[PDB]
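# Descriptive structure summary
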Amino acid sequence: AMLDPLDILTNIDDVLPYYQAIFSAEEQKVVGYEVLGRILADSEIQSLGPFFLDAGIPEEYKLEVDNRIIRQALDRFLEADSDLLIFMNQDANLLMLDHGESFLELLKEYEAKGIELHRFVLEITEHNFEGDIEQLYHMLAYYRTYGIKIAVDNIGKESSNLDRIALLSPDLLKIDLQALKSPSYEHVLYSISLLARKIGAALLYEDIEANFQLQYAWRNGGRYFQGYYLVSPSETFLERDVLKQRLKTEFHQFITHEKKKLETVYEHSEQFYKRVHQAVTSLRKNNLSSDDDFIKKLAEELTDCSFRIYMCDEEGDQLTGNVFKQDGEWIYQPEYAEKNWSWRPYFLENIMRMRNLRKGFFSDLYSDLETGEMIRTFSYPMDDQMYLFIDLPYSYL
Amino acid sequence: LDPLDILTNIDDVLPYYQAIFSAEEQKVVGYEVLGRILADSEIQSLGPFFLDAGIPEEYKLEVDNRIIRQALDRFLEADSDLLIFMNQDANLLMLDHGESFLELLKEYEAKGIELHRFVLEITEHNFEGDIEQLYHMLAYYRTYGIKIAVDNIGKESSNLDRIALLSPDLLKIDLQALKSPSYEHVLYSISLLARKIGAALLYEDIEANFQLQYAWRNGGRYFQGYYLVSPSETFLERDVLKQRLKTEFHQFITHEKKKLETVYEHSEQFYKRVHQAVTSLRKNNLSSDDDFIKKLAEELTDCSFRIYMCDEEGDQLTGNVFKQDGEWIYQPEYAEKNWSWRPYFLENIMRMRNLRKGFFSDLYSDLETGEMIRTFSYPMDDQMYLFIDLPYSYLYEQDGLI
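Going by the header, the method for this PDB entry is X-ray crystallography, and the resolution given is 2.61 Å.

Named according to the PDB entry, chain B is YkuI protein originating from Bacillus subtilis.

For chain A, the name recorded in the PDB entry is YkuI protein, with Bacillus subtilis as its organism.

Set out below in structure tokens:
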């Protein structure tokens, strides 16, 4: 039914490369192309994808096929726009058979012909590589001295290891959104983008098929985009501005969606600090020496929109019980009035921030330690080196 | 030790324990259950035995069962709120889909140990089986209130997609490896994801001061190691270490307070320098934006290497001015590029437009130059925004900006 190894090795002259355009967030333009293996068989252009991913095929015959596709690709690039990036898949297991010399030579051959080496983006999967990371790293680090870029593919799929990835110090991380097709996957992208920001790697999102995938990509550090939604593979290079208009309008909308969401959260914060300021000022006029009193009085005076309320000093010591709210009613929890919270990620920073601003503010959304529901906590500066804290549920309106 | 010396002396086998410490109170919250054998009048590890590949599972399970039962017996005497950390081999566990082990757990549920006190530590590094099959029985175990800890995070088992899918109650981070480089960045991203999904961090193998320091500054909720308390055969007083930890953390707090304010102070003094420069250069001067930054660059020559301006939506209003090998250059092509996809970009505009002050970004890697930098963001008139990138050569000669 489908292609046989022998169908390809017999018809090696029919083999050709295809190209898929990669687009940028910056200029919403064609930044480069991925070179893909193809074959014209029985009046049909079909994929060499499985052929290269088949372990039954002797490796020497693979190189001879890949060699032809690459030489054609790079010939196409010679007579095109000289700043285009060239995205190529290479098997690191196959590449190591000679320490990547013949491949580097091939690339070195094209530099002399007219292609700067820094245009080459070499796509690789670290979890398919057997043998020492240190041995591979030095090769790629030697590769890097010529400006050859290293992309790492299929992040977090089978034996994917963030530590071995970070060490390879890649120029580019390739992310597919297949495990998105579901609440928790956006935190994964969020953490990845921040990691990539620290280690100095750009994010390319691939296999973008629908509009929501492009949005998720754009709002999680995506610098480069690829997929059917943008452009399918073809044997011809496209105009560099094909999708400029489409994408310019689509990004403006993302920008606008994101700005509004920030306005809302800020608006609700200012309109919450108001409710808390009035209550704090109106009740700190009455007998509540022990701070434990004030809390259970404050919890009642908020519009049934609290959760947990407690006070701390500048070194994170809780000198107040908890006033937990379950089923729209109070609970007093003296037990917690002896804990240190300086270990919590942003705690100390906030205390400091509150002595400068002299204003309250919300944290970002995070999972509540005891319940597990998404919350924000409002921090309020009290008189005499003290700080009020208010845990606050979803707002899943 | 021969596996035969262990198997025929199955009676000498015993559990040991290592305390795990709370961050809030500085007290013991549980004990990891460790396997030992008294052989030739000396306590020895059973680790080199549970690792051995030529010993059939029949026999590993026989020993494991003896240890666990003795330990849960010991727990039945101690405090009713102590956590029980048991490191269980996923392959051994999955031989019967966890059935028998859960059966073992239910028996002690019948004797008065609430299932929510159990912390099942899993190591997915070793797993030969179907991975979503394991997560299936792990999700099932959770329906009884059992807590799930994932092991070797950051190093061998460092996959975000997988942590999130399981969403475990605990992440155990080993700190031997520490003895920022790549590793600290990986831990940092894991730390964030954990705050978002509700997994507490347990730092184990703490055997020095800088490791305890590290755990505490990096969201560590629980701590374990030689530095704190070595493994013994007996439970300790629950406040055994409260005083040593209480003061040792105060040093950490004061060192961090001092560290946070020095950065904050520098940002303040930086803002004043830039405010003078802009207002001075812009006041009574009729020249365009691109000409303005070229002049700003020269005024700030000693502390920057890139300067450019953008509007409310991230559109760059100017080309770049760029300092390459000590001489400023002008790159017009950067005009009209959009930066809104960068993390924090729209958030920062929001902050500037409401705070009406400028500020330093945190340390991040410059994509072009390849060095750790900081960017300074400044709000100007007419909803315009100024960005000044600082070179590593400037940061390192300032106190505390790395």
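Structure shown, so let's carry the discussion forward.
Below, the discussion takes up the packing of helix α3 (residues 59-78) of chain A against helix α5 (residues 101-113) of chain A. Residues and elements named next belong to chain A. Relative orientation of the contacting elements α3 and α5 amounts to 20°, with a least axis distance of 11 Å. For the element pair α3 / α5, the angle class is roughly parallel. In the crossing of α3 with α5, the sense of the turn from one axis to the other is right-handed. On α5, the residues touching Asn 67, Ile 70, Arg 71, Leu 74, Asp 75 and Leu 78 of α3 are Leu 106, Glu 109, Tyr 110 and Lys 113.

We now examine the interface of chain B and chain A. Accessible area lost when the parts come together is the quantity often used to give the size of an interface. With 60 residues of chain B at the interface, the matching set in chain A holds 63 residues. The contact between chain B and chain A buries some 6,000 Å² in all, and 60% of this surface belongs to carbon and sulfur atoms. The tally of links between chain B and chain A comes to 11 salt bridges. A salt bridge links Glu261(B) to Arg355(A), with the nearest nitrogen and oxygen atoms 3.2 Å apart. At the surface where chain B touches chain A, the tally comes to 26 residue pairs in polar contact. Elements with a contribution of two residues or more to the side of chain B that touches chain A: α7 (160-166), α8 (182-197), β9 (220-223), α10 (242-282), α12 (345-355) and β14 (364-365) of chain B. Tallying contributions element by element places α8(B) first for the side of chain B that touches chain A, with 11 residues. When its residues are assigned to classes, the side of chain B that touches chain A shows 25 nonpolar, 15 polar and 20 charged.

Here we come to the pairing of strand β4 (residues 85-89) of chain A. All names here are of chain A. Within β4, 4 of the 5 residues are buried, which leaves it mostly tucked inside the rest of the structure. Pairing analysis gives 3 bridges linking strand β2 (residues 30-41) to β4, with the strands arranged parallel. Opposite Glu 34, over in β4, you have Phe 87 as the bridge partner. Relative to strand β5 (residues 120-124), β4 runs parallel, the two being bridged by 4 bridges. Counterpart to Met 88 in the pairing with β5 is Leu 122.

Next up on the list: a nonpolar patch on the surface. All names here are of chain B. A surface patch of nonpolar side chains, about 320 Å² in accessible area, is lined by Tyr 392, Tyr 396 and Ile 402. Looking at where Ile 402 falls in the secondary structure, it is placed in the segment after α13 (392-395). Judged by its relative accessible area of 53%, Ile 402 is exposed.

Thresholds, definitions, all that
Residues numbered from 1 in each chain as written, not as in the entry; some residues may be left out. Chains lettered and ligands numbered in written order. Heavy atoms only, no water. Axes fitted to C-alpha atoms, helices over the stretch in contact; angles between N-to-C directions. Helix = DSSP H or I, 4+ residues; strand = E, 2+ residues; numbered from the N terminus. Parallel < 35°, antiparallel > 145°, perpendicular 65-115°, else oblique. Left-handed = near helix turned anticlockwise from the far one by under 90°. Contact = heavy atoms within 4.5 Å. Buried area = accessible area lost by both parts, 1.4 Å probe. Salt bridge = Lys/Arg side-chain N within 4 Å of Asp/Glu carboxyl O. Polar contact = N/O pair within 3.5 Å; in protein donor to acceptor, adjacent residues only side chain to side chain. Nonpolar A, V, L, I, M, F, W, Y, C, P; charged D, E, K, R; others polar. Buried < 20%, exposed > 50% of the residue type's maximum accessible area, 1.4 Å probe, protein only. Pairing = 2+ DSSP bridges. Patch = residues over 30% accessible without salt bridge, like charges linked within 9 Å, V, L, I, M, F, W, Y side chains within 5 Å. Areas by Shrake-Rupley, 256 points an atom, 1.4 Å probe, with all protein chains shown as cover.

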